[PDB]
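Remarks on the structure that follows.
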Ligand SMILES: N#C[C@@]1(c2ccc3c(N)ncnn23)O[C@H](CO)[C@@H](O)[C@H]1O
């Protein structure tokens, strides 16, 4: 086998150049395809050219930052020194300018829009005051992260809701997801036949969850998700000054679920402080996964609003966590350790797809079993309350009626008008007690009722609410927080970090309340930026 | 934060009085609601008043027993001493009176009712004799528990089947469960659509199991189930003189499945004796779980009879366990240890509901798969026996035909008339060989056929049986005793108590036979108390 | 209890004779039934008589071989010595005779049949040459197993495809399975109602898998499967000279899935060599399981061809494993250790049935979820490729179009004609990239399209292929070899043998390629033996 030996020696001698040449040939072929498509027709091939240009730009940027980090840091250093030297007097000027800008924006936009947006701003202030008053360590509050998170939320709201470029970009991004969720019909029709639409939810919606889980697993294998998570987490860390671990987990929670987000920093969980653990739990409670976004879109909820709320939740979660439970210890983990995210054990893309598919079985089973149990309990409770109510000549007593009054003040502070606050209170109660699926189902019912165009009041009962109220409800309901998800979170986090069982249990309720408050703050900003039609 | 410190000091100083005052205010509000409902209309608010009165009575009784236990015991002591002093001669008088009462009841009721009830009594005697003859230690039999269990069964049968108060109470209780099982339709319609009735069993019956599991978990969290179990177990322990652990497990098995009832005494399992272990297994085999009651009621089986058999099974299970495998060791566990039941790790009611919901997944999956496999095996066996039978010009040979003859003597001793004994034998075989679900499905088929009113014989084949025979079959079929559950029972019990693997395996078959015999004894009593229409 | 003591003493004294007498009485009863059936009518009772005769013959044969092994070996020894003495010169005569026979068969059959069978033979030669060239140790090849496996495949093909007895036997065997898979409808109708056919795959096909899993578990409990596996494994071991462990695992893989076949030799896995491990993995990848045979038959794939491919795969798998990764170590395990197969922990037949039923839950769930995910990914990829293709005025670009050209050379070497090679390439790609379920679904689509009789070309697109091409595709697609199962295979094998994790990972890809090559070799033989209609 002399030929085999010679071939092996050749491969060993120049292994690096051979694979590099192969990759270069593949890249050249792709570029040739792109240029040929552009030559044949440019308007038709524009999106491919844009994607290629942005990919090349990001690759070059990443390479340059990796290679010239020290030089750039040294070049930036003198400016930082001068700014530190002049900061003692420049801070007052900067703060005064920011306050003046806030006042001018309020006076010239919010007052023009109407009273409800001013009420939204007041509700944001009140939620922040309430969070501060019931803080774990009111005297140890570091105010930089809170104001920076609120400012980042406000900037995102202005960019996405008050500008044509951002509005078009997010409308397009939402429209793409609707196209993407339709592909699961191919599998659903085969597995469940052409009559799979006879049982809409079980045989059409859950397959969307399965497909999205599979796609998320494939993306995680490809490493794009860690790239985006690192970008957003670095932005938050440099702006808000938060710890690398909590910043990374908050950025990840935008896409990944509550129970699978901490796995990004699993090795370092035992050494985190109490504040970081509370922030991790708050971020988990304040966002929704990407697996269960197609399910919400299928009901009829706006995709653009869901994406915007998911993006805005992370800074809100971090700010509310820092205000509610400020840091009183020294963080141990560093940026390099936090940013490295151990990828899963998948040998190839198809194995990653199969692993993502397999994991969805438990998720889709629980999603249906919990819904069955909660809807049965709701029907039983409504019947029991009607039975009790009839003894006072009030057989209309129900869970919805009680929620309409208990949670109305929370909806009013978010900027919902008086009439629609009682309807939003019912959704708030549904989310708080059972889960977000039950609340989004009712929200989709109301959206469809409005879109039909029928009478708004029948026998004195309001049938649907305004579109701004619907948007505010969508922002408020975008989370994983409910009184029934505390046990699974505690169990999973203890399983990842058994030594920290005592600490995990202590802050879980505060993290859940912080998540709800962060969702309400995002809803407050959305309400204060939207206009009354 | 001086105000925060002062508030914390105030809370710490008088924590006990603050929560007590809050609870008192809640109780006062509830009482105000009840009295207002009664004032506005009394006949309409009667059940609420009754529930409040019984709850207050039980709370006061429990408090008094807890506080004045020593005083009551001391007050009772002299009477016990006098009774012990005179017992050597009073025992013959008491036993003679009981025997005379039994004879008088037989002569003046059973003979009047007909021959079949005398046959039921003879079958009860024969089953007890057979249990004694094949006993593990025939010379070590303690006869108090056997006679006390039989007497308690007879008293329960007289109270429930032969008196208007008990009959009305149990009919009402059964009717309430039928209303309760309808609530799962709310979840079933949403998850599976409005066409969920196109697949009746999978999309309507199993959700009832899920909802019942959720409700049972919520009740166990609330602690009412332990209260009722403790009451019934104390009654049995004081009457039959059984060990606290076995009494508690028998009482619990009325509501809880065989595989979860032992969890009530999990810490003390390693120290139980062989007789207690056999009694635990017999009780598990002799009763059903509350989660599957809804499916049986949905098939069409009488709810009142199911509840009565479930209640009567526990004393029968304990008596048959004690007779078949009497105690030859010294029990180690005491009443206080047996009665304390470590509750689950649920932080709030909604978490308990979600945990109950999640557990039901495997239950329903196993039920569906087992039914599919058993029905396919039944069809294959029937086809194979028809193929074999045709070689003797008897192509009618089938599993049902063989069962009609093999198990007919067991049905006849239970008091079923000659014609219907062969039909009950088929149900007995179905239960013995596959499970109680198929036997109850066939029983529901027969009940529906009778209720239609069609011809009783078509081409010489009997289509349905009498209602007394149906009741006797319902009593006989109430149990999880089948050859296929021996493996799972042994696995679960060994998992709870690994050290006792050798002992668990030894008595499992005897416990299964004891459970079947206990079910047959309950059927015998039901038959001897029912009348021929 | 003197009577009980005497009975126990009697039972202990003559335990062996009592059970032997009972078994003899049962056997006498069975023989009486058989003889009576034969007397009443012989033609009607013929199959029962045949089954009884074959069972008696096999029992007597097994007893004689067990009892007289040493005597038979000694009697055979002198002939072996003479053959060894004369082998140095007789080997050339034997090899020349075999080569002449091969040449004569080629010239007088293959040339007559047509060019395509000669191309199949050339493809077999090319596949063997390619396997040799890329071998792990090309200089350590032991050529006995390769030639013996190829000869055994050729003999099986001649017996089953070129003789009336074998053809009738295998057609009958396939027809029996079609009858057997119909029994699951009894359970499916009850669990899913009479409308279970509204969702054909989920509510009719998976229950077949459940029933087949249950039947396989019952057979494994009964010990017939080990009997057959031992017979086939001894045949392969004596002919090919393979190690006992690899022979036993290859024989078992004919009926058992890749993930459960190694459990037959679980205790001895840690001491196997690298070559044996590679052979185990190749055998697992080169065959299908009996649980999924029913689904494939339900789709419309020929049952006889599936059975023949499953039988032929084992020698092909072993030969390709030995050629690709030859043995360079000393095997430690012996025949006696390999042949003993520790049975499962099932106390009775019904418990075995329930355990087989329970295991099927994850199998069917994973099948359904993987199918949904793969079909959704296929639809998304087809849409993306159409979007990319339209930029070159070729919107017809698709995954199928690319596969039709990428894998066409593999199909052509198997003997498929030029036109149908492109269609077989699509099925090859489907199997390689997602699984064998989708490829078989497409094959059933094509088979139905051919069986309808419509036009073969519509607008220049071929609709269906010849029946010989369908048979070759059926042979080629019989295997669990796909990129997505590498992870689960490695995980399961490491779980069984944690110490061998490093060795398991190294050879998994080579074992998958060897399995694919073995499937292609079986397809090559099937093509070279079939005729063009
Ligand atoms: N279980 C679950 C959940 C869910 C949805 C999506 C996920 C996910 N990606 N990872 C873990 N959980 N998860 O369903 C409820 C309603 O949507 C929620 O409260 C979650 O508890």
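Chains as they are written, first to last, in the deposited numbering: chain A, 90 to 622; chain C, 90 to 622; chain B, 90 to 622.
Using N, Cα and C, we set each Cβ at its ideal position, and we do this for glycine too.
(request) Could you check the C-alpha separation between residue 119/C and residue 390/A for me, to the nearest Å? (result) Start at 1 with the first residue of the second chain, and residue 119/C comes out as number 30. Start at 1 with the first residue of the first chain, and residue 390/A comes out as number 301. Taking the straight line from one Cα to the other gives about 40 Å.
(message) Since residue 611/B and residue 564/B should fall inside the 8 Å C-beta cutoff, what is the C-beta to C-beta distance between them, to a whole number of angstroms?
(response) By one-based count along the third chain, residue 611/B stands at place 522. By one-based count along the third chain, residue 564/B stands at place 475. Confirmed, about 5 Å.
(request) With a 10 Å radius around its C-beta and 16 neighbouring C-beta atoms as the bar for buried, classify residue 111/A as buried or exposed. (result) In the first chain, residue 111/A corresponds to position 22, counting from 1. The residue is exposed, with fewer than 16 neighbouring Cβ atoms inside 10 Å.
(message) Counting C-beta neighbours from all protein chains within 10 Å, is the total for residue 483/C 16 or more, i.e. buried, or is it exposed?
(response) For the purposes of this step, residue 483/C is identified with residue 394 of the second chain, where counting begins at 1. The residue in question, residue 483/C, is exposed, as its Cβ has fewer than 16 Cβ neighbours within 10 Å.
(message) Against chain C, which members of the stretch 440–471 of chain A pass a CB distance test of less than 8 Å?
(response) Against chain C - using a Cβ distance shorter than 8 Å - the residues of the stretch 440–471 of chain A are 454, 455, 457, 458, 459, 460, 461, 462, 463, 464, 465, 466, 467, 468, 469.
(message) Just to confirm my understanding: we take residue 582/B, look at its own chain, exclude 5 residues before and 5 after, and list those with CB closer than 6 Å. What are they?
(response) Locating residue 582/B in the third chain gives position 493, where the first residue counts as 1. Contacts found: 593.
(request) Confirm the yes/no value for this check: CB of residue 437/C, any heavy atom of ligand 1, distance under 7 Å. (result) Position 348 of the second chain, counted from the start, is the residue given in the question as residue 437/C. The answer is no for residue 437/C.
(message) Going by DSSP in three states, residue 265/B sits in which element: helix, strand or coil?
(response) Translated into the one-based positions of the third chain, residue 265/B becomes position 176. Residue 265/B: helix per DSSP, three-state reduction.
(request) Answer yes or no: do residue 566/A and residue 516/A have a C-beta to C-beta separation smaller than 8 Å? (result) Translated into positions along the first chain, residue 566/A becomes position 477. Translated into positions along the first chain, residue 516/A becomes position 427. Taking 8 Å as the Cβ cut-off, residue 566/A and residue 516/A qualify as a contacting pair.
(message) Would residue 598/C and residue 358/C be called neighbours here (beta carbons separated by less than 8 Å)?
(response) Your numbering for residue 598/C matches position 509 in the second chain. Your numbering for residue 358/C matches position 269 in the second chain. Pairing residue 598/C with residue 358/C gives a Cβ-Cβ distance that is not under 8 Å.
(request) Check whether the stretch 316–324 of chain A touches the stretch 534–547 of chain A, counting contact only when three or more Cβ pairs, one atom from each stretch, lie closer than 8 Å. (result) No contact exists between the stretch 316–324 of chain A and the stretch 534–547 of chain A.
(message) Considering only their Cβ atoms, is the gap separating residue 215/B from residue 78/B smaller than 8 Å?
(response) The requested residue 78/B does not occur in the structure, where chain B is confined to residues 90 to 622.
(request) Using a Cβ-Cβ cut-off of less than 8 Å, list which residues of the stretch 93–118 of chain C approach chain A; keep chain order. (result) Along the stretch 93–118 of chain C, the positions whose C-beta sits under 8 Å from a C-beta of chain A are 93, read in chain order.
(message) Counting only C-beta atoms, is residue 227/A closer than 8 Å to chain C at any point?
(response) The count along the first chain starts at 1 and reaches residue 227/A at position 138. Taking Cβ atoms only, chain C reaches closer than 8 Å to residue 227/A, which makes this a yes.
(message) Do residue 384/B and residue 513/B have their beta-carbon atoms positioned less than 8 Å apart in this structure?
(response) As a position in the third chain, residue 513/B is number 424, starting the count at 1. As a position in the third chain, residue 384/B is number 295, starting the count at 1. At a Cβ-Cβ threshold of 8 Å, residue 513/B and residue 384/B do not count as neighbours.
(request) Taking only the alpha-carbon atoms, compute the straight-line gap between residue 449/C and residue 302/C and give it to the nearest angstrom. (result) Locating residue 449/C in the second chain gives position 360, where the first residue counts as 1. Locating residue 302/C in the second chain gives position 213, where the first residue counts as 1. Per the coordinates, the alpha-carbon of residue 449/C lies some 6 Å from the alpha-carbon of residue 302/C.
(message) So residue 529/C and residue 433/C are supposed to be a Cβ contact under 8 Å. How far apart are they, rounded?
(response) Counting from one through the second chain, the residue named residue 529/C turns up at place 440. Counting from one through the second chain, the residue named residue 433/C turns up at place 344. Rounded, the Cβ-Cβ distance is 30 Å, inconsistent with contact.
(message) Buried or exposed, going by whether 16 or more other CB atoms sit within 10 Å of the CB of residue 116/C?
(response) For the purposes of this step, residue 116/C is identified with residue 27 of the second chain, where counting begins at 1. Under a 10 Å Cβ-count criterion, residue 116/C is classified as exposed, with fewer than 16 other Cβ atoms of the shown protein chains found around its own Cβ.
(request) Please say whether residue 378/A and residue 341/A have beta carbons closer to each other than 8 Å? (result) What you label residue 341/A is simply residue 252 of the first chain in a count that begins at 1. What you label residue 378/A is simply residue 289 of the first chain in a count that begins at 1. In this structure, residue 378/A does not lie closer than 8 Å to residue 341/A by Cβ.
(request) Can you tell me which of the three DSSP states residue 550/A falls into? (result) By 1-based counting over the first chain, the position of residue 550/A is 461. Strand.
(message) Quick check on residue 90/B - is its C-beta less than 8 Å from some C-beta in chain C?
(response) As a working mapping, residue 90/B is identified with position 1 in the third chain. Among the CB atoms of chain C, one or more fall inside 8 Å of the CB of residue 90/B.
(request) Run through the stretch 277–311 of chain C for me and flag every whole alpha helix (DSSP H) of 4 or more residues, listed as ranges in chain order. (result) 295–311, all fully within the stretch 277–311 of chain C.
(message) For a test of the three-state rule: what should DSSP assign to residue 566/B, helix, strand or coil?
(response) Taking the first residue of the third chain as 1, we reach residue 566/B at position 477. Note: residue 566/B maps to coil in three-state DSSP.
(message) Which of the three DSSP states is assigned to residue 585/C in this structure?
(response) Within the second chain, the letter at position 496 stands for residue 585/C. Helix, per DSSP.
(request) Could you say which of 404/A, 559/A, 521/A lies nearest to residue 534/A if we only look at CA atoms? (result) Start at 1 with the first residue of the first chain, and residue 534/A comes out as number 445. It is 559/A.
(message) Considering only the alpha carbon of each residue, which of 406/B, 150/B, 445/B lies closest to residue 237/B?
(response) Position 148 of the third chain holds residue 237/B. Residue 237/B has its Cα closest to that of 406/B, out of 406/B, 150/B, 445/B.
(message) I want to see whether chain A comes within less than 8 Å of residue 293/C, judged by CB atoms only; does it?
(response) Against the second chain, residue 293/C aligns to sequence position 204. Closer than 8 Å: no.
(request) Measure the C-alpha to C-alpha separation of residue 306/C and residue 488/A and round it to an integer number of angstroms. (result) Working through the second chain from its first residue, we reach residue 306/C at position 217. Working through the first chain from its first residue, we reach residue 488/A at position 399. Their Cα atoms are separated by approximately 22 Å.
(request) Would you kindly work out how many angstroms separate the C-alpha atoms of residue 175/B and residue 339/B, rounded to a whole number? (result) Translated into positions along the third chain, residue 175/B becomes position 86. Translated into positions along the third chain, residue 339/B becomes position 250. In this structure, the alpha-carbon of residue 175/B lies about 33 Å from that of residue 339/B.
(request) Could you check if residue 287/A is buried or exposed, using at least 16 other CB atoms within 10 Å of its CB as the buried criterion? (result) Reading the first chain from its first residue, position 198 is the one you call residue 287/A. Classification for residue 287/A: buried.
(request) Kindly list the residues whose CB is nearer than 7 Å to the CB of residue 474/A, restricted to its own chain and excluding five residues on each side of it in sequence; keep chain order. (result) By one-based count along the first chain, residue 474/A stands at place 385. Once the five neighbours on either side are set aside, the close Cβ partners of residue 474/A are 486, 487, 488.
(request) With a 10 Å radius around its C-beta and 16 neighbouring C-beta atoms as the bar for buried, classify residue 57/B as buried or exposed. (result) Since the first residue shown for chain B is 90 and the last is 622, residue 57/B is missing from the structure and cannot be characterised.
(request) Report the option in 98/B, 519/B, 506/B whose CA atom is closest to the CA atom of residue 622/B. (result) Counting from one through the third chain, the residue named residue 622/B turns up at place 533. Ranking 98/B, 519/B, 506/B by CA distance to the CA of residue 622/B puts 506/B first.
(message) Does residue 246/B pass the burial test, meaning 16 or more other C-beta atoms within 10 Å, or should it be called exposed?
(response) Translated into the one-based positions of the third chain, residue 246/B becomes position 157. With 16 or more other Cβ atoms within 10 Å, it is buried.
(message) Against residue 683/C, what residues of chain B qualify as contacts under a CB-to-CB distance less than 8 Å, listed in chain order?
(response) The structure shown does not extend to residue 683/C, since chain C spans only 90 to 622, so no value can be given for it.
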